[PDB]
Amino acid sequence: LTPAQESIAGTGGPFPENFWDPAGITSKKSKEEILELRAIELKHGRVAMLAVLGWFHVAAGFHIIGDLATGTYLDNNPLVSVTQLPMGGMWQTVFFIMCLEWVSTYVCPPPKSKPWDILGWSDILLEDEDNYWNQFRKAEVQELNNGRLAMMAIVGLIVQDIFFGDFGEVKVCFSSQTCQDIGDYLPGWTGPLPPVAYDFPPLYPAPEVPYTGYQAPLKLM
Amino acid sequence: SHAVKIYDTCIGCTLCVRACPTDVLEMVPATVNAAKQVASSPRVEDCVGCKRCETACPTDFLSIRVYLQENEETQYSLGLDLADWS
Amino acid sequence: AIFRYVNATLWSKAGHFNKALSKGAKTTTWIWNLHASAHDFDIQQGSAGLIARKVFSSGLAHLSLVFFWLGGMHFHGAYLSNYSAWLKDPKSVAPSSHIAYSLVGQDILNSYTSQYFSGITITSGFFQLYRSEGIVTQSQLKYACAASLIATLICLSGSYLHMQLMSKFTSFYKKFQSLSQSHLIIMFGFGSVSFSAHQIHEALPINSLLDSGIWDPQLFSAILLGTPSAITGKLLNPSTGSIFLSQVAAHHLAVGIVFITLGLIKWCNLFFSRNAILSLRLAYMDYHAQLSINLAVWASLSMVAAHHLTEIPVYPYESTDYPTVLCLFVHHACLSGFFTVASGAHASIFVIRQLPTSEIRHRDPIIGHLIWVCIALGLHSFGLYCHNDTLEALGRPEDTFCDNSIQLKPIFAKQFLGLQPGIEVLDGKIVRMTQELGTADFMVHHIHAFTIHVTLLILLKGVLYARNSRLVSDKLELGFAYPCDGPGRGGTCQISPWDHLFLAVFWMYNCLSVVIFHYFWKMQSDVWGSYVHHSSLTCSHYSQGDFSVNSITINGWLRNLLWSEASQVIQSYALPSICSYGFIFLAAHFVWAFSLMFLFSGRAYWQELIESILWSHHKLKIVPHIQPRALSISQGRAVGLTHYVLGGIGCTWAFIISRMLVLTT
Amino acid sequence: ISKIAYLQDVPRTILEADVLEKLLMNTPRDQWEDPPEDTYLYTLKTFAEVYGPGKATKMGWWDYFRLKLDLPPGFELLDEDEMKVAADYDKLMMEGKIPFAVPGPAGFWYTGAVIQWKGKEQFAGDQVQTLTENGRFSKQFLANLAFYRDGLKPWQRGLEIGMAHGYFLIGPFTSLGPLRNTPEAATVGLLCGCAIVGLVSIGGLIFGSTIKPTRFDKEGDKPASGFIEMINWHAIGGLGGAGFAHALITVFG
Ligand code: CLA
Ligand SMILES: CC1=C(C#C/C(C)=C/C=C/C(C)=C/C=C/C=C(C)/C=C/C=C(C)/C=C/[C@@]23O[C@]2(C)C[C@@H](O)CC3(C)C)C(C)(C)C[C@H](O)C1
Ligand SMILES: CC1=C(/C=C/C(C)=C/C=C/C(C)=C/C=C/C=C(C)/C=C/C=C(C)/C=C/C2=C(C)CCCC2(C)C)C(C)(C)CCC1
Ligand SMILES: CC1=C(C/C=C(\C)CCC[C@H](C)CCC[C@H](C)CCCC(C)C)C(=O)c2ccccc2C1=O
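Residues numbered from 1 in each chain as written, not as in the entry; some residues may be left out. Chains lettered and ligands numbered in written order. Part of a larger assembly, values for the part shown. Heavy atoms only, no water.

- Under the PDB entry, the name given to chain C is PsaA, and the organism recorded is Symbiodinium sp..
- What the PDB record gives as the title of this entry is "Cryo-EM structure of Symbiodinium photosystem I".

- The name given to chain B in the PDB entry is PsaC, with Symbiodinium sp. as the source organism.

So this is what it looks like as structure tokens:
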């Protein structure tokens, strides 16, 4: 690596200790540029995690603010629900996020050393503590990996919805969806027993002619 | 503040002094009893009024009496912690 | 192992266990302290081995007591009950395994239950339990009673033996890994599997025959035979109005398998996050810590039982046996509350006797935010009721919070069963019906949350401020159960965890009374009742669906629930069935009022009155050398609390049971 | 260790070698000499002093059964990693650092972070650090509130606070008032909001007349002059904000 690249080493790749960079984008960058890239990555990852959460939440139904605002049940497809939502709510959402960004970037700007530290953890946190109960690196890598996966997932969901109208419908099966049957609950099921195409034969033959005091084996049927 | 008074029935067993939570009392030399000492109350300003001295007094009726004075309550007698009157 | 040291010599000492009782019987406070500290094995003479001995042997003795009680129940069912008439026709005949004497005209208590039987209608659901178990013969009930008595004798022998088998070296009670593994795999897993086996092999054929109508001895002495593919719980037995017992047996088999699997993965160490719980594992290896945790667990399980025994029907005909379901719910809710306050108490005791966990070091924010949430919850939830009352009195219903007026819709209260439209009925009664939630349900649920949070506030404050506080810094030295620290520092009354429980019990009782009233009124108004004729039925409910219209006001609660539904209990004197319930209503009112004596008064007045009275005894030469004394401060509080709770619970008990008995008969 | 007589050549039947090693590791070193009465090591000492080589080589079946019942198995005692984790936890707490956790459903999760629980003043309970109040974001936000913002005159502080207060205060009466359905709902709500602003400003004037805070006062000025100015301008700003909200409601329906 390089002195600039080391500013984020240990928080990337499949294992934390790797540095995945096939394009070599960060090879020539300076430490400030690397920190800004990490800040962009973390902001995108967090926004993508929240976006996937909300996307699945609205695709399961559960879209009450929109339902009440429009006086009607909005389409489960989130991209359709965006258009179904009132401009009032849309501009309110945009304005609220704008206010959050303004506060986070002008009133309470994160430190230049940790541009991703929005909540100001690096004023009471002790990252360089040699205790066992100091898995902040684990927490950071979990955050980054989940955020990257959520970025890919949300982009895929949006692209698939735009192309084939498939929004990754969720089958929560409890409140918005009324599942009447065991087959509805578990695919391929039609009865109490699992849908196995194997008829379990008797391990031992039975007597064709019984005798007093037999007690033939019971059948689950 | 409360009024902690000591009467000559005192036998100087020191139990009041040992039970004091804020060290209001102290044994002083005397000739009235066989133990040759009687409890005193010099730091009555710190008395909170818990009557633990009174609980620990052996005599038939107490040789130490704590008279509560709610009108003259001070921060020391109230055990104020979060607020300061000093 | 050495049984030569167990002699009846100590029986007459009466206080040997406590060293503080050595100066025997100088006053009546000595008697009261003897009773109070009888079972406080920790502070008694001996060693830790003796403490463990006493704890385990007492647990076994109580096990024997419970087995004796169950055997008595079985015997009463067998010989002093109309179980035969109930089994052949449950609807017509009310359960009754309880008969009263004809001493002073007391035969009036017995009421018509069957043609040949007269007695007191039981509300424990024991008949339904027997029917589910497949017990259909007096011989079977008699052998169940014999088994219960044998278990009682075995447990008594085990307690007596373990009082000496366990020595100071004994450590089997400290093997928490072994204890938990054994309980999880054998007591729970194997137990559930074995009970599923019992159901499949005994109860399923008998119950199927009973549903069909067959009562043949040869038959009484092919799983999934009648159950369709419908999800369990989505289809109730049309002829019984309860979940299929084959589904119940499959449930128990699955639960046992799951418990065995959990135990085996724990055995193999598959669970990995041991460190997250290691702190609790090290801290809570204490008698009182385990007692508190277990009491809370069983309180929560009792509350879940109270809810499920009614909402989810599994016993035959218990759904239509309205007194039974109501009494089961109320009883288990009360037990939940009592065991929760118990968990708080023993958490406080553990904090006093052992080192607390580190969440006690920021206790001020915790209790401060709990205080704020309690205040806000109470304000909003109860002030909605007060607003409704004031506005309705002023004559502005449009300004109140109700379904017709401003409405607080419970948006989050969403279905999960996915049941089909309609209701389930069985012989002129509504076995199952969906509860429709509105503004009244919103308000009452937030009242529930408020009361729960205030009780939790009291318990948590007692637990966290047990060792010390800003007021008094040596509360640990003071101990667990002391009345105060003195009139000083303004006054330190009821600063002890014992007194914190003494108040949390009042608040738990208030919460549970509101819960009982909510359940009772909602079920009467919106669930229970009869029906009058694809077919559509008009459902005539016992309370006539007045919960949603009248429950929005405290006046509505006072009038439509207490006054209106107290007609049965208040007018029960002439009626043979419920005259006892009316008398118990009156007597419980008396006891509750009598508790206020101890709750309001103080020790010194009674001590001075006792001395003035004793003057006359001394004058006449009646000198009691166990000098009479007024009850201690803590004892007065305990007596007042006990009488208060008992009186309130008795009034509610008689009121609800009288109403249900009269309405159903 | 070799210096301990009863720990020498303990027979395998009484206690396995591995379990004995684990028990010794778990027990504090100082207790090996003479362990307390209620400990596995005490039981082992008492029974090894009586049984083993050169002593009773046999035991009754029941006595041996009880001995194996009351001696510890290997899995009952803590492991090396578990003891290390517990020691690290205790060391952190005693050093004044807190392995951060947030309460969850009937429990609390560990976030993997170590914070500095104790503040600059170690004995001060006001200064214990928390992200809510002592984090960088919270510090900046609170410092940038109007009450605290740097380079603000008291009239500016009061005007901004009152603008906010009146603007949000008019709404509750407008929407949920007795005359909420009448055509004058907005105006009546504006009147009620202005009344509330006036009442709170009167309360603030009482506060500044009685306690007389002097944090906003200019040098060489009457005490509480800055606070009273801020409260008067809060009343003005509340009137203005209530009027602006009412105007917006009226104009845009
Ligand atoms: C906002 C997006 C974003 C940003 C700013 C970064 C930034 C960073 N990542 Mg990357 N990363 C992202 C998303 C992003 N990542 C995603 C979604 C994944 C999952 C595949 C990863 C997986 C990943 C790993 C495994 C590692 C990094 C690492 C890094 C750092 C060094 C490598 C580099 O130069 O990356 C710069 C990245 C970019 C400039 C993004 C370029 C994207 C191109 C233009 C393609 C975009 C197309 C996309 C598929 C969308 C198409 C949609 C359309 C069809 C509609 C750097 C801070 C390394 C690290 O932290 O080492 C310590 C590291 O090891 N990242
Ligand atoms: C790292 C690296 C490389 C790389 C790379 C790659 C593949 C990068 C990919 C990055 C990617 C794919 C980043 C996505 C961000 C997505 C966001 C912010 C989504 C927001 C989503 C939002 C705001 C969603 C909003 C809503 O849905 C909500 C919540 C509910 C709906 O009702 C309404 C709408 C729809 C509005 C190279 C190329 C190999 C070079 C180098 O060598 C190493
Ligand atoms: C936490 C949270 C939140 C919150 C929020 C808030 C709290 C807000 C506020 C808001 C507000 C509270 C606003 C206000 C505004 C105001 C304004 C905008 C005003 C204005 C005014 C004016 C303009 C005035 C003027 C005047 C005057 C001053 C005087 C003279 C006259 C006149 C008229 C000129 C939310 C919900 C987001 C969600 C998430 C979370
Ligand atoms: C009444 C009262 C007393 C005086 C009460 C005493 C001394 C209790 C009397 C005990 C008796 C002797 C126990 C015997 C039981 C009853 C006599 C049983 C009556 C049963 C009827 C059915 C006949 C206190 O000492 C006291 C102390 C602190 C707070 C409140 C109070 C308080 O309220």
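Points about the arrangement of the chains
Piece 1. Take the 4 pairs of chains in contact: the one carrying the most contacts is chains A and D.
Piece 2. The two units chain B and chain D are non-contacting; their minimal C-alpha-C-alpha distance is 10 Å. (Contact = heavy atoms within 4.5 Å.)

Describing the pairing of strand β2 (residues 107-116) of chain D
Piece 1. In the sheet, strand β1 (residues 97-104) of chain D pairs with β2 of chain D via 7 bridges, with the strands oriented antiparallel. Among the inter-strand pairings, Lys97 of chain D is bridged to a residue of β2 of chain D, identified as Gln116 of chain D. (Pairing = 2+ DSSP bridges. Helix = DSSP H or I, 4+ residues; strand = E, 2+ residues; numbered from the N terminus.)

Here's the deal with the coordination of the magnesium atom of ligand 1
Piece 1. For the magnesium atom of ligand 1, the sole protein-derived donor is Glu41 of chain A (OE), lying 2.6 Å away.
Piece 2. Positionally, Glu41 of chain A belongs in helix α1 (residues 31-59). (Donors = N, O, S within 2.8 Å, 3.2 Å for Na, K, Ca; no water.)

With respect to the state of the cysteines
Piece 1. In total, this model carries 1 disulfide over all chains according to the counting rule given.
Piece 2. Note on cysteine connectivity: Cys173 of chain A is disulfide-linked to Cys179 of chain A, with sulfurs 2.0 Å apart. Neither residue differs from the other here; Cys173 of chain A and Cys179 of chain A are each classed as buried.
Piece 3. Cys16 of chain B takes part in no disulfide bond, and the closest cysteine sulfur to it belongs to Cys53 of chain B, at a distance of 6.4 Å.
Piece 4. Its relative accessible area of 10% is what places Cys16 of chain B among the buried residues. (Disulfide = S-S within 2.5 Å. Buried < 20%, exposed > 50% of the residue type's maximum accessible area, 1.4 Å probe, protein only.)

Considering the site of ligand 4
All names here are of chain C.
Piece 1. With respect to spatial proximity, the complete set of residues near ligand 4 consists of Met597, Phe598, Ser601, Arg603, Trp606, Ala630, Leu631, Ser632 and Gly636.
Piece 2. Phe598 is positioned with one of its backbone polar atoms (N or O) 3.5 Å from an oxygen atom of ligand 4.
Piece 3. At 3.4 Å from an oxygen atom of ligand 4 is found a side-chain nitrogen or oxygen belonging to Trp606.
Piece 4. Protein contacts shield 45% of the accessible area of ligand 4, which totals 800 Å² for the unbound molecule.
Piece 5. At the level of secondary structure, the elements contributing two or more residues to the shell around ligand 4 comprise α19 (579-600) and α20 (603-619).
Piece 6. The class makeup of the residues in the shell around ligand 4 is 5 nonpolar, 3 polar and 1 charged. (Near = heavy atom within 4 Å. Polar contact = N/O pair within 3.5 Å; in protein donor to acceptor, adjacent residues only side chain to side chain. Areas by Shrake-Rupley, 256 points an atom, 1.4 Å probe, with all protein chains shown as cover. Nonpolar A, V, L, I, M, F, W, Y, C, P; charged D, E, K, R; others polar.)

Observations concerning the packing of aromatic side chains
All names here are of chain C.
Piece 1. Going through the model one piece at a time under the given rule, you end up with 54 aromatic pairs over all chains.
Piece 2. Between the aromatic rings of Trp592 and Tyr644, the centroid separation amounts to 5.2 Å while the plane-to-plane angle is 50 degrees, which identifies the pairing as tilted. With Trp592 in helix α19 and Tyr644 in helix α21 (residues 633-664), the pair connects residues that are 52 residues apart, well separated along the chain.
Piece 3. In this structure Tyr644 comes out as buried when scored by relative accessible area, which is 18%. (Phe/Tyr/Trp six-rings, centres within 6.5 Å; stacked < 30°, edge-to-face > 60°.)

Notes on the environment of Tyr385 of chain C
Residue and element names in this part refer to chain C.
Piece 1. Summarising the element assignment, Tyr385 is placed in helix α12 (residues 363-394).
Piece 2. Considering only alpha carbons, one finds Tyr385 and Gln435, 50 residues apart in sequence, at a separation of 21 Å.
Piece 3. Once residues within four sequence positions are removed from consideration, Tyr385 is found in contact with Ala440, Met443, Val444, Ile447, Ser551, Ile552, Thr553, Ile554 and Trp557.

Some thoughts on the interface of chain A and chain C
Piece 1. Across the contact, 20 residues belong to chain A and 19 residues belong to chain C.
Piece 2. Between chain A and chain C, a total of about 1600 Å² is buried, with carbon and sulfur atoms accounting for 58% of that surface.
Piece 3. It is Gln180, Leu218 and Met221 of chain A in chain A that bury the most area against chain C; as a group they hold 30% of the surface buried on that side.
Piece 4. Connecting chain A to chain C are 0 salt bridges.
Piece 5. At the level of elements, α2 (64-70) and α6 (182-185) of chain A are the ones that each hand at least two residues to the side of chain A that touches chain C. (Buried area = accessible area lost by both parts, 1.4 Å probe. Salt bridge = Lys/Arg side-chain N within 4 Å of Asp/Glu carboxyl O.)

What about the interface of chain A and chain D?
Piece 1. Between chain A and chain D, the residue contacts involve 23 residues of the former and 27 residues of the latter.
Piece 2. Buried surface at the junction of chain A and chain D, both sides included, amounts to about 2200 Å², of which 67% is carbon and sulfur.
Piece 3. Applying the counting rule to chain A against chain D returns 2 salt bridges.
Piece 4. The partner of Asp117 of chain A in a salt bridge is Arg136 of chain D, with the nearest N and O atoms 3.8 Å apart.
Piece 5. Between the two partners, chain A and chain D, sit 13 residue pairs in polar contact.
Piece 6. Split by residue class, the side of chain A that touches chain D holds 16 nonpolar, 4 polar and 3 charged.

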